[PDB]
Amino acid sequence: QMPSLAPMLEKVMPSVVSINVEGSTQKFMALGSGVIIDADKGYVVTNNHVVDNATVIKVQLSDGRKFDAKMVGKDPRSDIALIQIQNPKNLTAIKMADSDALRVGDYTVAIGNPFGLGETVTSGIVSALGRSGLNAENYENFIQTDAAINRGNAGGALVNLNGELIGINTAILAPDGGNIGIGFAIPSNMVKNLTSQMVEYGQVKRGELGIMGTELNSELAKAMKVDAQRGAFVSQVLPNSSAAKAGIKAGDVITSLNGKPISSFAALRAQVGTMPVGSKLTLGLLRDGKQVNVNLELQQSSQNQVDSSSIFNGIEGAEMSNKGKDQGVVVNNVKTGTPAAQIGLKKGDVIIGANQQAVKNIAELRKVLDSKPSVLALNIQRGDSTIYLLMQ
Amino acid sequence: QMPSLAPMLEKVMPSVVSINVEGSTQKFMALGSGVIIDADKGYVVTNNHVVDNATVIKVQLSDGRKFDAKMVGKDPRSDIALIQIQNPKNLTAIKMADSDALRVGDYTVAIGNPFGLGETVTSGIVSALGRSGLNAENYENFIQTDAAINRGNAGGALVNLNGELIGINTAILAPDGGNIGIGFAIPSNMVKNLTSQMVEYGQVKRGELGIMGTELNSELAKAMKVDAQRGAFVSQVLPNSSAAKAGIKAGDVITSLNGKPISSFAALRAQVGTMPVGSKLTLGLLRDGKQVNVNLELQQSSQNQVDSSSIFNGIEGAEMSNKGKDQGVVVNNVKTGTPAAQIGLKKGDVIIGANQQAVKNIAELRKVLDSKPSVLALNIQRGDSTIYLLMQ
Amino acid sequence: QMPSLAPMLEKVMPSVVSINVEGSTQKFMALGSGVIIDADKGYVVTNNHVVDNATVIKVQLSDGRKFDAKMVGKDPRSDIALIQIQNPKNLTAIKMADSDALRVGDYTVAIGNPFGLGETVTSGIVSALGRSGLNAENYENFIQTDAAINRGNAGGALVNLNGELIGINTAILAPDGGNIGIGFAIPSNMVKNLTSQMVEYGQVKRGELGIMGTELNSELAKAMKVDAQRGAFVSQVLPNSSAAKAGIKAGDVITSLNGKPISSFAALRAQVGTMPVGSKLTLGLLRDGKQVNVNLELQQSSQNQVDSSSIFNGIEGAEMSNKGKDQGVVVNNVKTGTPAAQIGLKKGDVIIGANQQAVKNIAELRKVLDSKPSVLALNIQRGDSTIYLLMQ
């Protein structure tokens, strides 16, 4: 006869986990949380800032069991990393909710490991949607909540009353490292995109529309005679970009992405910046007082991602990324005094295998390294020649 | 099928606003919140400590729109100031609830702008009623709540589940400027009195009963043989005061104001200190074990208010206040080295107009100043002579 | 038509009280809360760390009334002390709930006196059960909650929606003495045992099973081939102990106490460490993969409790404790330079009376001292002789 979050939590808690990390860049220990996304494969989502530069990562279930997990993907821009429990047995995954349907008045419960105390559940409400600005270079469209969140909670779950995952708790405005009623979480629709990508490739292939923009405030809207105090203001479209071909002109106000109204430029960025190259979307435009509807196809890009350090753990040097279909890892740009280039690693190389194993993309490459060989025999291709780079 | 504050908030949020201030006393910027009290006129309530000494104040709605607002009233003792949006178009006002019916177990949601992040809503419960003591010189009868409140929230709303305003969030007990679960808000019945007054005059005309008092604790109650551990203890009544005429004698315990029980002396003070001169009230007395009922009529006073600085913004000098009916602003007491007296401002003067505009009270006077003339031509009356004081 | 904790709180708040203490060890003042356990006798429970080393303790009801209270019991290991209001008139006691039925999703409201502001009520949920580790020497099986708790709250109540007491708020993880969303409370079943004991004897007579243990983590469980990631691991049983006689062998995993599953060793300890000598319990064992059920009878012990300082307030010296049935207070072990031994207090003595009053146990002894004589005439027995120790 007493209302309680107990029943829903009895089913959902096994899905959340605590993560222990051991790394070096100097030795360090870190701790946070993670959410089991796929029970069978043992995929566990979490903040990239928790497992970053980790030599060893161990996952601990709510029932006590400890497992070892290895990395599979990690996107610093959105701060979402995907690890995988080695030897997954009898896990429970969380079902994901559609974050686009969240409304500010909604209830929320957060689950995670504050200060290593163990699985802690605290509750509150959605205080705001679309918050961004914490770190202006990243993609951020944070859900804001007043459910208590402290250090240890990162990577943990943020669920609705029905037990569905709506976000991953990431950060907190807070002077003197102590929760104050203001916490942030990446919405779940982003986790579902960034994550599935990582599963199938090892990195996120970022697509761009090709427009330069800025937040459309009330002042700029007067100067530009537009009845709208919020939205994405198009500064200029790039030549031969998706937006160009679609018909978007500078001085345009983007007001909606796929039926959904667009809080601001930051969200629009985070939205498409989370979609995979080739996705078909439709933008809601506003040029010279008239409404407009256009169809776009996200295209390639020049996304700065996966550095030779995120896959080698310590091997400073050229950045790397997938190449076309599963054609292998490509070495983006080699620096100079960076250790990677100090082993024959030159920009333009295409790692097509390692230790007699084929490397179609970053995921597979990280698989060979997962076994931890004593000597890594890279089979790359420079121009029209096949060569071999050795390591230890 | 999920309970949520969303529906109520969809209607109420447009009513709350964020306030940006620019001032000097040295230049400064400040930010807080405000609540739209009257949609048509654009009246917006807020903490006096937010807009105080402000050269410029800008209001921003939840939809993005920005407007400029000018001051109309401000009472430092209760910490309630009333500003007005210039050119109000399509606003939503909040409906006010009767704060006297609040009970400690009640739910509350607070809306405001913590650290400029934007419209943030957080929730909790009424933790206590009648808190006072924060600043012993002011009038305080605070509602206490554990809904998260931080810097930026001042001037914001505190509403019940039905969306009705029960208070204005004002302050927070909190070491290291971070919410800790203890926040305070001026109840709404006070805002409704102090505010309506300001609208119609520019200041609050304070009425007094004319009694000296003190909190009636358990100890004093023994010494005085009174069965009551709480209430207002009458130390002495002033000669020719309302209380005197009504029949109140020293050694009396005031236990109720208009049917309503009286938490303490502080509340009693804050209660009547918020009512306008001439209001008809009835006090519940307790003299020598016997219950008593008396009828009073709040009378004049010697209220220290509106200084020549709150209307001139920087012109130190004599204090000012309305005079009788709309008879104009009266200059209370001129200091000495104060800039105001340094322009011919002498105590006893009665500003009856400014720049060829009639000044019936402080509101109108602040209207002429609102246009921001280059030279302010005061038409005051010293004794039986009409004179003119110039400014720039 | 609005849901509210008000109705339940109207009945329950009178039960909680604020406590003011004056002590010395140097003079000090302290403040906290307490819960009325028995209306008739005026028994009030509270944290031992609040009233410890107190020369004077005053209790203040929610209605204003102040009373003086004297101590009756106090257990530092569990941090529960029992005081008694002198001259109890018209009090309300709280009814206790069965804490073993609490589940993590459950709602909770906390009542107490943060920073002396007065009776404050804040709410939240059960974040976790069985937390321990705060102070590794004590008995701890804390309920964890995110209802706001700050200094002043210790000794206060933690109740469920029905108004029943489920715990006593004791401490908070919190950098910079400010609530952060993590608070702890001793569950009510412990308060009900530790407390009733104190009532009937002045101290808690601690019983032990006689086993050496440790938390059974996942690692130790592999090494020991046991399908269980949590429980109490038996390191060794003591000779002629209850556990010995019952049949418990080292290398055993205790997994349940009286039907109830056992979170960990810490809980198991806190559980039985709270039961009185002679209690009949049954343990759930797990030896060599096979389940086991055994019946035990808590036995004596060597519990380090009640020091000559907790009953004399300042008289350093030999520790003391009850003796057999109501046979009087026994002086455990006298130090050397300790003031107590500096008045003829030698270990082995059996205080059998004081100032012509019989002393059956520590409660009665503290009764004679309660009247505050000028000279305390102890009638103790050394060997086969009756002697008298004088004090002032």
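Residues numbered from 1 in each chain as written, not as in the entry; some residues may be left out. Chains lettered and ligands numbered in written order. Part of a larger assembly, values for the part shown. Heavy atoms only, no water.

As documented in the archive entry, the model was determined using X-ray crystallography at 3.000 Å resolution.

Under the PDB entry, the name given to chain A is Periplasmic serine endoprotease DegP, and the source organism is Escherichia coli.

## Brief notes about the interface of chain B and chain C
Taken together, the contact between chain B and chain C spans 27 residues of the former and 31 residues of the latter. For the pair chain B and chain C, the two sides together bury roughly 2,100 Å², of which 56% comes from carbon and sulfur. Ranking the residues of chain B by area buried against chain C places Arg103(B), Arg131(B) and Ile180(B) at the top, with a combined share of 22%. Counting every contact that joins chain B to chain C gives two salt bridges. Between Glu219(B) and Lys58(C) there is a salt bridge, and its shortest N-O distance comes to 3.5 Å. On inspection of chain B and its partner chain C, the count reaches 14 residue pairs in polar contact. Elements supplying a minimum of two residues to the side of chain B that touches chain C: strand 8 (120-131) and helix 4 (218-223) of chain B. Classifying every residue of the side of chain B that touches chain C gives 11 nonpolar, nine polar and seven charged. (Contact = heavy atoms within 4.5 Å. Buried area = accessible area lost by both parts, 1.4 Å probe. Salt bridge = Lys/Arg side-chain N within 4 Å of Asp/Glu carboxyl O. Polar contact = N/O pair within 3.5 Å; in protein donor to acceptor, adjacent residues only side chain to side chain. Helix = DSSP H or I, 4+ residues; strand = E, 2+ residues; numbered from the N terminus. Nonpolar A, V, L, I, M, F, W, Y, C, P; charged D, E, K, R; others polar.)

## Considerations on the nonpolar core
The biggest cluster of nonpolar side chains holds 45 residues, and the ones touching the most others in it are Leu9(A), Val45(A), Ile111(A) and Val159(A). By residue number, the principal contributor to this core is helix 3 (residues 188-199) of chain A, which donates four residues. (Core = buried A, V, L, I, M, F, W, Y, C linked by side-chain atoms within 4.5 Å. Buried < 20%, exposed > 50% of the residue type's maximum accessible area, 1.4 Å probe, protein only.)

## Observations regarding the UniProt feature "domain: PDZ" in chain A
Residues and elements named next belong to chain A. Sequence positions flagged by UniProt for "domain: PDZ" are, in local numbering, residues 198-289 and 295-384. Between the end C-alpha atoms of residues 198-289 the distance is 41 Å, and the span holds 23% helix and 29% strand. With 16% helix and 18% strand, the stretch residues 295-384 has end C-alpha atoms that lie 40 Å from each other. (UniProt positions renumbered as here; feature names shortened; annotations may be inferred.)

## What about the interface of chain A and chain C?
Facing the 31 residues of chain A at the interface are 27 residues of chain C. For the chain A and chain C pair, buried surface summed over both sides reaches about 2,100 Å², with 56% attributable to carbon and sulfur atoms. On the chain A side of the contact with chain C, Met2(A), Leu117(A) and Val121(A) bury the most area, a combined 22% of that side's loss. In this structure, the connection of chain A to chain C is made through two salt bridges. In this structure, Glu10(A) and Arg103(C) form a salt bridge, with 2.9 Å as the shortest nitrogen-oxygen distance. Viewed at the interface, chain C and chain A are joined by 14 residue pairs in polar contact. Secondary-structure elements contributing two or more residues to the side of chain A that touches chain C are helix 1 (6-12) and strand 8 (120-131) of chain A. Of the residues belonging to the side of chain A that touches chain C, the class tally is 12 nonpolar, 12 polar and seven charged.

## Concerning the sheet that holds strand 20 (residues 329-331) of chain C
Residues and elements named next belong to chain C. One open sheet accounts for three strands, arranged 19-20-21; its pairing is antiparallel. This sheet does not close on itself; its edge strands, each paired only once, are strand 19 (320-321) and strand 21 (350-351). As judged from the two bridges shared by strand 19 and strand 20, these two strands associate in the antiparallel manner. For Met320, the partnering residue across the bridge sits in strand 20 and is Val331. (Pairing = 2+ DSSP bridges.)

## Considering the pattern of salt bridges
What the rule picks out here adds up to 30 salt bridges over all chains. The shortest N-O distance in the salt bridge between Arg206(A) and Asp75(A) comes to 3.0 Å. Separated by 131 residues along the polypeptide, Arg206(A) in the loop between helix 3 and strand 13 (211-215) and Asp75(A) in strand 5 (residues 66-75) bring together distant segments of the chain. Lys58(C) is the salt-bridge partner of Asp68(C), the closest N and O atoms lying 3.9 Å from each other. Residue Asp68(C) is found in strand 5 (residues 66-75), and its partner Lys58(C) is found in strand 4 (residues 54-60); the two are separated by 10 residues along the sequence.

## Digging into the pairing of strand 4 of chain C
Residue and element names in this part refer to chain C. Taken together, the six bridges between strand 1 (residues 16-24) and strand 4 define a ladder with antiparallel strand orientation. Looking across to strand 4, one finds that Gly23 is bridged to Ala54. Bridge count for strand 4 against strand 5 is four bridges, and the pairing is antiparallel. Of the residues in strand 5, the one forming a bridge with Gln60 is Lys66. Remark: five residues form the turn of the hairpin made by strand 4 and strand 5, two consecutive strands paired antiparallel; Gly64 in that turn has positive phi of roughly 115°.

## A look at the pairing of strand 9 (residues 142-145) of chain C
Residues and elements named next belong to chain C. Residues of strand 9 alternate between two faces, with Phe142 and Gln144 on one and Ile143 and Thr145 on the opposite face, all of them buried. Both strand 8 (residues 120-131) and strand 9 contribute to a ladder of three bridges, which runs antiparallel. Within strand 9, the position partnered with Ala128 by the bridge is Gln144. Taken together, the three bridges between strand 9 and strand 12 (residues 183-187) define a ladder with antiparallel strand orientation. Paired with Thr145 across the strands is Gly183, a residue of strand 12.

## Focus on unusual backbone geometry
Despite not being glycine, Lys225(A) has its phi angle at roughly 50°, a positive value. Along the chain, the position of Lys225(A) falls in the loop between helix 4 (218-223) and strand 14 (232-237). Phi angles above zero are rare outside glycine, and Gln356(C) is one such case at about 65°. With respect to the helices and strands, the residue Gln356(C) is situated in the loop between strand 21 and helix 8 (362-370). For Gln356(C), a relative accessible area of 76% translates into the label exposed.

## Observations regarding the domain arrangement of chain A
Residue and element names in this part refer to chain A. Assigned domains within chain A: domain 1 (12-94), domain 2 (95-206), domain 3 (207-300) and domain 4 (301-392). Distance between the C-alpha centres of domain 1 and domain 2: 16 Å. Of the residues lining the interface, 30 residues belong to domain 1; the matching set on domain 2 comes to 34 residues. Along the contact surface separating domain 1 from domain 2 lie two salt bridges. Taken together, the links from domain 1 to domain 2 amount to 10 residue pairs in polar contact. When residues of the side of domain 1 that touches domain 2 are traced back to their parent elements, those giving at least two are strand 1 (16-24), strand 2 (27-38), strand 3 (43-47), helix 2 (48-51), strand 5 and strand 6 (80-86). In terms of residue class, the side of domain 1 that touches domain 2 is built from 16 nonpolar, 10 polar and four charged. (Domains from an automatic or database assignment.)

## Focus on the environment of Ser308(B)
All names here are of chain B. If you trace the backbone, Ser308 turns up in helix 7 (residues 308-312). C-alpha of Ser308 to C-alpha of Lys95: the two residues are 213 residues apart in sequence and 34 Å apart in space. Each residue touching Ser308, except ones within four places of it in the same chain, is listed here: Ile315, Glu316, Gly317, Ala318, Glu319, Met320 and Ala340. For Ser308, the side chain forms a polar contact with the main-chain oxygen of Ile315, separated by 2.8 Å. Engagement of the side chain of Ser308 in a polar contact is seen with the backbone oxygen of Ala318, the distance being 3.0 Å.

## Observations regarding helix 3 (residues 188-199) of chain C
All names here are of chain C. Here helix 3 is 12 residues long and its end C-alpha atoms lie 16 Å apart, about the 16 Å a rise of 1.5 Å per residue gives. Turning to helix 3, its buried residues number three or more, namely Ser188, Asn189, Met190, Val191, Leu194, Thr195, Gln197 and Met198. In this structure, the buried residues of helix 3 make contact with strand 3 (43-47), strand 5, strand 6 (80-86), strand 11 (165-172), strand 12 and helix 6 (265-272). (Expected span 1.5 Å × (residues − 1).)

## Here's the deal with the relation of the copies chain A and chain C
After a rotation of 120° and a shift along the axis of 0.0 Å, chain A superposes on chain C with an RMSD of 0.0 Å. The two molecules are tied by a three-fold rotation axis, judged by turn and shift. Residue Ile180(A) of chain A places its C-alpha closer to the rotation axis than any other residue of that unit, at 3.9 Å. Mapped onto chain C, only 6% of the interface residues of chain A again fall at the interface, so the copies present different surfaces. (Least-squares fit on C-alpha atoms.)

## What about the relation of the copies chain B and chain C?
Screw-axis analysis of chain B against chain C gives a translation of 0.0 Å along the axis, an RMSD of 0.0 Å, and a rotation angle of 120°. Taken as a fraction of all interface residues of chain B, those also at the interface in chain C reach only 7%, which identifies the copy contact as different-surface.

## A few points about the side chain of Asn113(C)
Looking at the secondary structure, you find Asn113(C) in the loop between strand 7 (107-112) and strand 8. The contact partners of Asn113(C), leaving out residues within four places of it in the chain, are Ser18(C), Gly32(C), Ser33(C), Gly118(C), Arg151(C), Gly152(C) and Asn153(C).

## Notes on the sheet that holds strand 1 of chain C
Residues and elements named next belong to chain C. The antiparallel closed barrel is built from six strands, whose spatial order is 1-2-3-6-5-4. For this sheet, the mean inter-axis angle between neighbouring strands, taken without regard to orientation, is 40°. Here strand 1 runs beside strand 2 (residues 27-38); their pairing, made up of nine bridges, is antiparallel. Bridge assignment links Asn20 to a residue of strand 2, and that residue is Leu31. Along the sheet, helix 8 contacts strand 5 and strand 6; its crossing angle with strand 5, the most-contacted strand, is approximately 145°. (Axes fitted to C-alpha atoms, helices over the stretch in contact; angles between N-to-C directions.)

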